[PDB]
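Shown below, as structure tokens, is a lone chain in the form solved without the partner chain; questions about how it binds or moves come after it.
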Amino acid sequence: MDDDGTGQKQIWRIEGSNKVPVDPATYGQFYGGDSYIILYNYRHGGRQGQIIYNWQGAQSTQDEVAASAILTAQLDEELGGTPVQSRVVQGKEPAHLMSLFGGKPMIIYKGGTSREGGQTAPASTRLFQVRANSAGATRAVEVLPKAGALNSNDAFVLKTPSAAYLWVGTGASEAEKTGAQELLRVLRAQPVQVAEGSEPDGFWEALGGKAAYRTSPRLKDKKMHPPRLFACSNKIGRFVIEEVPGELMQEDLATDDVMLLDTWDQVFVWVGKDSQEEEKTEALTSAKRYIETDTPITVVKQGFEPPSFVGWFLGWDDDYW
């Protein structure tokens, strides 16, 4: 897609069985608990065009997903069947969708709406993980405001009732720092800038006390062989290993298989709780083989992941499974 992302867009959120307009002043901000529809009208190389992006937040329920399916069939038909359709889950957005918000980062809040509970209110202390990919696309994902949630590879924003902080990992890029600044503008708070290793007492206090967090040599490295995740499985009748692209999300770890995370200087073998013995044995064999064609191999179990592993994921919830 060569279009520059500056065409007219409309964004609706799924609320029960309806789609409901989102405040246009907040375009680029989404609730991870919800599902959205973006109708993007553009003009490129002489001709007009249309795309519908169906965006699914990582905590969106199965009924929201079914309701957007009907809602998109309705929109498609209202428009005469003219648009290009594309389904997208959180963290796997193509470049073109990321460009729609004017160089701003996509911001993803905790919470959302449901038929039962309505619109959740924002917490009074919130933490945001700001990560950008090789190509400069930036995502700011809200997580639980604990010290353990930090990782040296990224920038973070911390907003309390009384103060705001912009924490900067040793490994954080300039695109991640810029993105944190833009989140801070949307939050209407002015930051105290904080480098990793020289945090003020107020920063730790606001996170609930100082603690160990997600770090390693590789996570700390600025230079960036950026890490690769693989799914290993014998569910089809034989053992195979395929790559999982896009941002590393916790949903990508298949709980009935074994996963390999290659951070170059190390290889993690994550073992799903419903994976079979043979999947782990063969994955250990394949990792060892891949390494020797040119390094610790660390085995980790679902629910008992060390911080060196978890730091590579964009958002982690300890009560996800």
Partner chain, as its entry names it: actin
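Residue numbers count along the first chain shown, from 1. Superpose the two forms; the largest set of C-alphas matching within 1.5 Å is the rigid core. Only residues modelled in both forms are compared.
What comes next is about the form deposited with the partner chain bound, which does not appear here.
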query	finding
Option touching the partner chain, based on a heavy atom within 4.5 Å in the deposited complex, out of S134, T120, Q193, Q74	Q74
One residue of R185, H225, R87, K210 in contact with the partner chain, assessed in the deposited complex (non-hydrogen atom, 4.5 angstroms)	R87
Contact check for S17, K235 and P245 against the partner chain in the deposited complex, heavy atom at 4.5 Å	yes
The partner chain in the deposited complex: contacting segment from 150 to 158, 103 to 111, 77 to 85, 166 to 174, heavy atom within 4.5 Å	77 to 85
The partner chain contact in the deposited complex: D274, any heavy atom under 4.5 Å	no
The partner chain contact at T293 in the deposited complex, heavy atom, 4.5 Å	no
Touches the partner chain in the deposited complex: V65 (any heavy atom, 4.5 Å)	yes
4.5 Å heavy atom contact, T255 and the partner chain in the deposited complex	no
Consecutive-residue runs (3+) with Cα displacement of 2 Å or more between the shown form and the other one, core aligned	42 to 44
